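Okay, so we've got a single protein chain in two different forms coming up as structure tokens, structure 1 first and structure 2 after it.
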Structure 1
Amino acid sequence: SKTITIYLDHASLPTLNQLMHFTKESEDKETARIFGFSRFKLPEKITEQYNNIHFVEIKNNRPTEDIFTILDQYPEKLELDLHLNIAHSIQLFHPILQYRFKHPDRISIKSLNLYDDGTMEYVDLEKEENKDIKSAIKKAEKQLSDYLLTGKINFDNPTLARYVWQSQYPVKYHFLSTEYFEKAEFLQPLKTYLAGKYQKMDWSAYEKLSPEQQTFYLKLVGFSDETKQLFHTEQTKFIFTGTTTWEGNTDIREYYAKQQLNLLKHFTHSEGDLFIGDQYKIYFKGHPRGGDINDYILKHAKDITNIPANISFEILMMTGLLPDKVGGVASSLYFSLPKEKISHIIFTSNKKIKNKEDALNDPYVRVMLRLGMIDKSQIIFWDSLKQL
């Protein structure tokens, strides 16, 4: 045997969790690793410490066949420990399966760790709420078994098929919302089925790491000590969530920057409708693509600390640097937040959302409402707020 640890993700949240696993195993400089990521590349000062370390491209929802060339470097019996995105697990896994078929006596899958993409998994499960879940599970297991023996990808319920891997391999799942699985009545049979095999994504692991390992993790994810310092104060913290543009009857980007500055004022100025109080230090998390819009907001906002583009809410979560409060323009990140940290979420106009009613009907917002993460007084339509 050689064991090979293979980390696959085209998104960002599974990557960040997989890098935490790598960090926890980082003293082991021997085991072979394959990193198959879309959005993170590892610093050479880390990678030069590892003698058996490889990188593969993700293209479509799959590792390319360059992974065959990598695995061809290892002619011994191999036992593969796989780490995959839950929503895309079939597609990420398939090239590994094709490779096994080429060397069926020599290559086996040892274990699977599966991690949430994000809201996708929940939005998808919600579409299954009128099905018979118990029989959907037994079907999915038969089909998965065929898929493994032959390679053919046929699932009557692809969404539930994401969750039946334990019928074939040792598996662990890492979920953004364990409450969802435990409180949705229709999923009771899935909950029971998965018992013992899942955990909530641990935002606390960073704080439990040794200082050396914490330094390692920050270096892997590109969190400089400079930027980390912006969060070193005991003052409580509010982060405003920015956006780019929306359907506001003009194409002038500066209009949208001004309007966000007004939304921000509603949180930070004493006579705003959504005033948070003087207790919080104010941070701005602009959209990575805001460019000149973000320049504009930072030029005209007073006493505000910019969070750089490389630092996502996922990174904040994973490093235990979530702030006390988050508010501003709506996006799926709000789903990942504990309820006590959400102030108000402001929806802007697009083709789906034209008013506050449409906002309440958004797929991820519907779950949030049901799980009690927010109430309706927390959902605002951008139009309802006066200029200041």
Structure 2
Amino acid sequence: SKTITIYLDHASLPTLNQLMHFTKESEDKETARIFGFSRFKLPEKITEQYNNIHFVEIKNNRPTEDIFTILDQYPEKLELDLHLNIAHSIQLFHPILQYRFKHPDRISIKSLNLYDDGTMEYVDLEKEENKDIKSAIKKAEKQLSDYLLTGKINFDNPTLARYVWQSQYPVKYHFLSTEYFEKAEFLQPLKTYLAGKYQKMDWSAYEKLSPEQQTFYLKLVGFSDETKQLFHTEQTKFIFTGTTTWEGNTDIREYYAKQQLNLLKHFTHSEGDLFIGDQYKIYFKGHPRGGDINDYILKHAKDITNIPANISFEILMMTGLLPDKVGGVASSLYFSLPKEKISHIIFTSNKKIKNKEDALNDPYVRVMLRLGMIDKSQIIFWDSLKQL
């Protein structure tokens, strides 16, 4: 066989993981890789050292037909190691299935590594609390069997269907929060079904890396020495973390930036509802896909060290550069933080939240209550805050 290692992700959290996986094999310059992001994302000094590396576009949660053209170039017998995100695993797989119908004996699936895309996985599970989890698993297994036979997507329970890949392939899951699966009683049947099949997105597997692997990785993910110097001062440190939306609308986008800067004001200003104290030096960490929203913040923010948006927050924990305090809008990044470092986590919603009972029905709120990253007495959505 020839092995082909296919990384289908471009979102920050799964791609951060996948880039470390790749790092562990980086000396092998020969093996074929496919990445689901731009050829320009990574340093060309690094990528041009690789002989069988290609980059493919993901559109509407599927790789484009370029992946067919890329795999057509390998006439040998092929084993595919797929790395894909849990939330969209079904859609991302659709074209791989299509291609296998054309090349069944030459094209086999050696393994799946399935990583959380973010917190969507967790807010979708919240909606499943009163359902019969045991039978949903069985139903999903059969429907995945049909998917593999027909190539057609039909799942009664798309959320739970994400977790039944083991009934067809060798699979290993990497979870943002293993605890959610132990602490959520309704998920006991799922926890049992998946026993042995999962690990946590640890980030302590960065320690395991060679000192040289470490240096390579940091160049992949874009952490330089400048960025390291940003934290030289012995002064104590607060990082404001930003967010984004997946919406092309001006006003939805401006709304965001406006709310967010305002929110920053409330942590930093002594007139603020969340004022942290004058001891802290302030840093900004924009959302990787926040674009203009990050810009607006940097246009208006006095007295603030930017940590370039494209650097995933979790690198700070790997490298030991984590601050004393962190605050901002709810994000996957908080799931990595020791609790004493949290200043405040703020929520958003399309629904106007008028009271505590509205608040409690928010599924992100529920996730964080379930994991005890917040308690009930302090729930804040950012519209309820005032302009400063």
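Rigid core here is just the name for the largest C-alpha set that superposes within 1.5 Å across the two forms. Structure 1 provides the reference sequence; residues are numbered from 1 along it.
- When the two forms are superposed on their rigid core between the two structures, the C-alpha shift of 2 Å or more among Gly248, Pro158, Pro189, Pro170 belongs solely to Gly248.
- In a rigid-core overlay of the protein, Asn113 has its C-alpha displaced by under 2 Å between the two structures.
- After superposing the rigid core, the C-alpha of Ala257 moves by 2 Å or more between the two structures.
- In the core-superposed comparison between the two structures, the C-alpha atom of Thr64 has shifted by less than 2 angstroms.
- On rigid-core superposition between the two structures, the C-alpha of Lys131 is found to move 0.3 angstrom.
- Core-aligned Cα shift between the two structures at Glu27: this is 1.7 Å.
- Once the core is aligned between the two structures, the alpha carbon position of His266 differs by 6.7 Å; this is the C-alpha shift at that site.
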